[PDB]
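K.L.:
Just to be clear, this is only the beginning of the complex, oriented as in the whole thing:
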Amino acid sequence: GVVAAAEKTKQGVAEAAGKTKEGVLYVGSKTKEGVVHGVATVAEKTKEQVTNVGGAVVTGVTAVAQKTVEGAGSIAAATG
Amino acid sequence: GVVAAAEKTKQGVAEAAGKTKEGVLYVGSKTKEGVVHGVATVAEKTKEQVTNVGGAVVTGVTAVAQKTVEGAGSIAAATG
Amino acid sequence: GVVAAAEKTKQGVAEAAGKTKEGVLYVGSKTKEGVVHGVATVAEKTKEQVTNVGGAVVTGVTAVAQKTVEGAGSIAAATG
Amino acid sequence: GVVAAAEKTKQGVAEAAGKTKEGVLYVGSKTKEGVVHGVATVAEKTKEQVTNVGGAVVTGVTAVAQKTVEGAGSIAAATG
Amino acid sequence: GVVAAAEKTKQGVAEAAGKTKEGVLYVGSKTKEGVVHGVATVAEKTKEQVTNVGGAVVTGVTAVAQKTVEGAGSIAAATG
Amino acid sequence: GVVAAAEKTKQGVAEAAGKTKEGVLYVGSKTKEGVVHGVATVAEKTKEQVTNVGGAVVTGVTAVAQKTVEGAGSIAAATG
Amino acid sequence: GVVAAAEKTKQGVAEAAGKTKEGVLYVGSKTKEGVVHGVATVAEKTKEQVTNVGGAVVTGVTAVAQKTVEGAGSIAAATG
Amino acid sequence: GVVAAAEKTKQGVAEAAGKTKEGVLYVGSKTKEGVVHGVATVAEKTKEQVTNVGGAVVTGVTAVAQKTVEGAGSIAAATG
Amino acid sequence: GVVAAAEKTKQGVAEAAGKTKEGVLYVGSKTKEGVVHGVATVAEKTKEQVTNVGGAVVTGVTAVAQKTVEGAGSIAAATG
Amino acid sequence: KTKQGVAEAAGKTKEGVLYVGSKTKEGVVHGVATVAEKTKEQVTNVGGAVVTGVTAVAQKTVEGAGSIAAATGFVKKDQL
């Protein structure tokens, strides 16, 4: 039982609410989720080698922002 | 039982709400999910090699923003 | 039971709502999901080699923004 | 039971709503999903080689924005 | 049971709604899904080679915006 | 049961709606799905070679905006 | 049961609707699905070669906007 | 049961509708589906070669806007 | 059961509709489906060669707007 | 000498294709698109002006002191 009342008033406001659930709000904000910024490499000879024979390999520069709900959020998964 | 009332008022507002669920709102914000920004490479000889023989390989510069709901959110998956 | 009432008022507003669910709203915002920005490479000799023999390979510069619902959101999948 | 009422009012508004579900709305916003912006390469000799023998290979500059619902959202899939 | 009423009013509005589901709306917004913008390559000798023998290969500059519903949204698929 | 009523009013509007489902609407917006914009290549000798022997190959500059519903939305598919 | 009523009113409007489903509408908007814009190539010698022996090959500058409903939306398909 | 009524009104409108399904409408909009715009090539010697021996090859500058309903929407199909 | 009524009115309109399905309408809009616009080539020697031996080849500048309903919408098909 | 509102162009070439264009727009109204769907309008006017339609007016004048382009919806009762 929720009741609000206003009467005999020049400017009256009556506001009622049974159940309320506030939510997220960003005002003038900034965010950085999974960011790579400013990587420099000065070599003479570079060499990479990957010899995957049935798994999962993730190399190089990476930036991930997974947001899964009802499952594995792996980056490199390998099941058998 | 939710009740609001206004009467005998020059300017009256009555507002009622049983159940309310607020939601997300961005006002003047910025976001960065899965971003690669400013990568520099100054070499003389470069060499890459990938010899995948039945798996999953992900290389180079990468930027992912997966948002799955009811499944695996892998980047490199390898099942058998 | 949700009730709102206004009476004997010059300017009256009565507003009622049983159940309400607010939603997302962006006002003057910016977003960046899965972005690659500013990659520079100054070499003399470059060489890439991929010898996939039955899997999944993803190379080079990449920018993905998957939003799947009821399935795997892999980037490089390899099942057997 | 949702009721709104206005009476004996010069300017009256009565508004009722049983169930309401708000929706997404962008006002003056910008978005960037799966974007590659500003890639520069200054070499002398370049060489690429791909020798796929029955899988999936994705190379070069890529920008994807998959939005699948009831299926795998892979970029390079390889089943057998 | 949803009821709205206005009476004895110079300017009256009564509006009722059982169930309502709001929808997406863009007002003065911009979007970028799967975009490649500003790629420059200054070499002297370039060479590409692809020797696919029964799979799927996707190379070069790419920009995809798949929006499938009830099927795989791969970019390079290879089944057998 | 949805009811709206107006009476004894100089200007009255009564509007009722059982079930309503709003829809998408773009007002003064811009979109970019699957776009390649501003690619420059300054070489001296260029050479491409493709030797597909029974699969699917997609090369060069590409820009796709698939919107399938009940089928695979691949770019390069190869089944057997 | 949906009812709207107006009576004893100088200007009255009564509007009722059982079920309503709004639809898409673009007002003063612009779209770009599958677009290639501004590609420049300044070489001295160019050479392309394609030796397809029973698959599907798609090269050059491409811009596709497939919108299939009940079938594969591939760009290069190869079945056997 | 949908009912609207107006009576004892100088200007009355009664409008009823059982089921309604709105449709797409473009007002002052522009669209670009499958467009190639602004491709320039300044070489000295150019050479193309295609040696298809029983598949499908699509080269050169291309711009497609397929809208199939109950069939494959491939660009280069090759079945056997 | 859909009913509308007007009576005792100087200007009355009664309009009823059981089921309604709105349709597409373009007002002051422009469209571009499958368009090639502004291709320039400044070489000294050009040479093309096609040696199809039983498949389908499509080259040169192309602009297609297929709209099939119950069949494959390929550009280059090759069955056997 | 004096130049106002002048669009000028020039072009020289020895061999090749040439295009020169010069367009000028002064006092031009272009593209006024309007839709009214299922709209109710009720007007009662007594000795006044009511405007509800679409009015597109363009004017260009040289030596036009005291010019008026569009005077819409007004009541003028000057004594002198």
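P.N.:
Good, I have the coordinates. Numbering: from 1, shown residues only, chains lettered A, B, ... in the order given.
K.L.:
what does chain A have sitting close to chain J?
P.N.:
By CB under 8 Å from any CB of the partner chain, no part of chain A sits against chain J. Quick note: C-beta positions are derived from backbone N, CA and C, even for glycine.
K.L.:
The residue of chain A found nearest chain G in helix, strand or coil?
P.N.:
Residue of chain A nearest chain G, by CB to the nearest CB: residue A:23 (24.8 Å). Classification of residue A:23 using DSSP: H, G, I helix; E, B strand; the rest coil returns coil.
K.L.:
residues near the closest residue to it other than its chain neighbours, how many?
P.N.:
In space, and not counting its chain neighbours, residue A:23 is closest to residue B:22: 3.5 Å by CB to CB, 6 or more residues apart in numbering or on different chains. The local packing of residue B:22 (other CB atoms under 10 Å in any protein chain shown) involves 16 other residues.
K.L.:
With the one 4 residues further on instead?
P.N.:
Other residues lying near residue B:26 total 24 when counted by other CB under 10 Å.
K.L.:
Can you say which helix or strand has it in it?
P.N.:
strand B:25-27 (DSSP states H and E).
K.L.:
now do the same end-to-end measure for stretch A:19-35.
P.N.:
End-to-end distance for stretch A:19-35: 39 Å, by CA to CA, to the nearest Å.
K.L.:
Now tell me what touches that stretch from outside.
P.N.:
A:63-65, B:17-37, B:65, C:22, C:29 (CB atoms under 8 Å, 6 or more residues apart in numbering or on different chains).
K.L.:
How far off centre is that stretch?
P.N.:
10 Å (CA atoms, centre = their mean, to the nearest Å).
K.L.:
circling back to that earlier point, any chance of a PyMOL selection covering the buried ones in the contacts of stretch A:19-35?
P.N.:
PyMOL command restricting the contacts of stretch A:19-35 to the buried ones, with burial defined by 16 or more other CB atoms under 10 Å in any protein chain shown:
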select buried, (chain A and resi 63+64+65) or (chain B and resi 17+18+19+20+21+22+23+25+26+29+30+31+32+33+34+35+36+37+65) or (chain C and resi 22+29)
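K.L.:
For residue B:23, see how far away the closest residue to chain I within chain A is.
P.N.:
Taking CB to the nearest CB, chain I has its nearest neighbour within chain A at residue A:23, 34.3 Å off. From residue A:23 across to residue B:23, the span is 5 Å (CB to CB, to the nearest Å).
K.L.:
on that earlier part again, what strands line up against the strand holding residue B:26, and which way round?
P.N.:
strand A:25-27 (parallel), strand C:25-27 (parallel) (DSSP bridges).
K.L.:
Chain K goes on too:
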Amino acid sequence: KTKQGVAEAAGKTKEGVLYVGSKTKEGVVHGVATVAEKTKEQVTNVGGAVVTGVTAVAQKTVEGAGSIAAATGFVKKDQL
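P.N.:
So that you can see how it sits with the rest, here is chain K on the chains above:
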């Protein structure tokens, strides 16, 4: 000499493709798109001005002292 509102261009080439363009817009209204769907409007006017429509006016004047482009929706009762 004097230049106001001038768009000028020039171009020289010996061999190749050339494009020169010069456009000028002065006092131009472009692209006024408006939609009103299921809208109710009720106006009672007594000796005044009411404007509800769309008014797009463009004007260009040389030597236009005291110019007015659009005077919309006004009541003028000057004594002198």
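K.L.:
What about the neighbour count of residue B:22 again, now that chain K is present?
P.N.:
16.
K.L.:
What of residue A:1?
P.N.:
Residues near residue A:1, counting by other CB under 10 Å: 7.
K.L.:
again with residue A:71
P.N.:
Around residue A:71 there are 16 residues (other CB under 10 Å).
K.L.:
which residues sit in contact with it?
P.N.:
So, once contact is read as CB under 8 Å, 6+ apart, residue A:71 ends up touching B:68, B:70-73, C:72.
K.L.:
May I have the beta-bridge partners of residue A:78?
P.N.:
Here residue A:78, judged by DSSP bridges, has bridge partners residue B:78.
K.L.:
show me the contacts for it.
P.N.:
Contacts of residue A:78 by CB under 8 Å, 6+ apart are A:55-56, B:55, B:77-78.
K.L.:
which one among those residues gets closest to chain J?
P.N.:
residue B:77 (49.1 Å).
K.L.:
what's the distance between that closest one and chain F?
P.N.:
For residue B:77, the distance to chain F (CB to the nearest CB, to the nearest Å) stands at 18 Å.
K.L.:
Could you do residue A:2 as well?
P.N.:
From residue A:2 to chain F the distance is 24 Å (CB to the nearest CB).
K.L.:
I figured that residue hits residue A:15, correct?
P.N.:
No - counting by CB atoms under 8 Å, residue A:15 is not a contact partner of residue A:2; they are 10.2 Å apart.
K.L.:
Tell me where chain A has strands.
P.N.:
A:2-7, A:11-21, A:25-27, A:33-42, A:56-58, A:76-78 (DSSP state E).
K.L.:
nearest to residue C:49, of these?
P.N.:
Among these, the nearest to residue C:49 by CB to CB is strand A:56-58 (15.3 Å).
K.L.:
anything in the closest one sitting right up against chain D?
P.N.:
No - Strand A:56-58 stays clear of chain D (CB under 8 Å from any CB), getting no nearer than 12.4 Å.
K.L.:
now that strand, how far from the centre of its chain.
P.N.:
For strand A:56-58, the distance to the chain centre is 23 Å (CA atoms, centre = their mean).
K.L.:
Mind giving me the packing neighbours of it?
P.N.:
In terms of contacts (3 or more CB pairs under 8 Å, 6 or more residues apart in numbering or on different chains; DSSP states H and E), strand A:56-58 is packed against strand A:76-78, strand B:56-58, strand B:76-78.
K.L.:
Any idea how many residues pack against the residue nearest to residue A:44 when sequence neighbours are not counted?
P.N.:
Spatial nearest neighbour of residue A:44, chain neighbours left out: residue B:44 (4.9 Å); criterion: CB to CB, 6+ apart. By other CB under 10 Å, 13 other residues sit near residue B:44.
K.L.:
build in chain L:
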Amino acid sequence: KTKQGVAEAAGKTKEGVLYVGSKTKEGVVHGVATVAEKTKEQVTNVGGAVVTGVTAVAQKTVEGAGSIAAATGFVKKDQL
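P.N.:
This next block brings in chain L, placed alongside the chains you saw above:
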């Protein structure tokens, strides 16, 4: 000499593709998009001005002392 509001361009090339463009906009209104959906408006005016529509006015004047572009929705009762 004097330059105001001037857009100027120039270009030289010996071999290749050339593009030169020069555009100028002065007193230009571009892109006014408006939607009103399920909106109720009720106006009672007695000897005044009410404006609710869309008014897009553009003006350019040379030697325009005392110029007015848009005077919308006003009541002028000057004695002299």
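K.L.:
The neighbour count of residue B:26 with chain L there, same question as before?
P.N.:
24.
K.L.:
any idea how far residue E:30 is from it?
P.N.:
Distance, residue B:26 to residue E:30, using CB to CB: 15 Å.
K.L.:
what's the answer for residue A:39, then?
P.N.:
29 Å.
K.L.:
Residue A:3 now?
P.N.:
Residue A:3 is 48 Å from residue E:30, by CB to CB.
K.L.:
for residue A:52, same thing?
P.N.:
Distance, residue A:52 to residue E:30, using CB to CB: 40 Å.
K.L.:
I'd like to know how many residues surround residue A:56.
P.N.:
27.
K.L.:
right, and it touches residue B:52 too?
P.N.:
No - Residue A:56 is beyond contact range of residue B:52, at 10.0 Å (criterion: CB under 8 Å).
K.L.:
residues contacting residue A:55?
P.N.:
A:76, A:78, B:55-56, B:78.
K.L.:
Spell out which parts of chain A neighbour chain C.
P.N.:
Checking chain A against chain C by CB under 8 Å from any CB, the hits are A:18, A:23, A:26, A:52, A:54, A:56, A:65, A:68, A:71.
K.L.:
and the third one, bridged to which residues?
P.N.:
By that I understand residue A:26. Counting by DSSP bridges, the residues bridging with residue A:26 are residue B:26.
K.L.:
For chain H, see how far away it is.
P.N.:
Counting by CB to the nearest CB - residue A:26 and chain H are separated by 31 Å.
K.L.:
Please report how far that residue lies from residue B:30.
P.N.:
9 Å.
K.L.:
Kindly report the same for the first one.
P.N.:
The gap separating residue A:18 from residue B:30 is 36 Å, by CB to CB.
K.L.:
do the same with the second one
P.N.:
Spatial separation of residue A:23 from residue B:30 under the definition CB to CB is 20 Å.
K.L.:
Repeat that for the fifth one.
P.N.:
If you measure residue A:54 against residue B:30 using CB to CB, the figure is 42 Å.
K.L.:
With residue A:44 instead?
P.N.:
39 Å.
K.L.:
Could I get the contacting residues of residue A:72?
P.N.:
Residue A:72 neighbours (CB under 8 Å, 6+ apart): B:72-74.
K.L.:
Quick one: these as TSV, columns for distance to residue K:11 too.
P.N.:
As requested, the contacts of residue A:72 are arranged in TSV below (distance: CB to CB, whole Å):
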residue	distance to residue K:11
B:72	57
B:73	53
B:74	54
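K.L.:
what about residue A:69, how many residues close to it?
P.N.:
Neighbours of residue A:69 (other CB under 10 Å): 12.
K.L.:
Am I right that it is in contact with residue B:69?
P.N.:
Yes - using CB under 8 Å, residue A:69 is in contact with residue B:69, at 4.8 Å.
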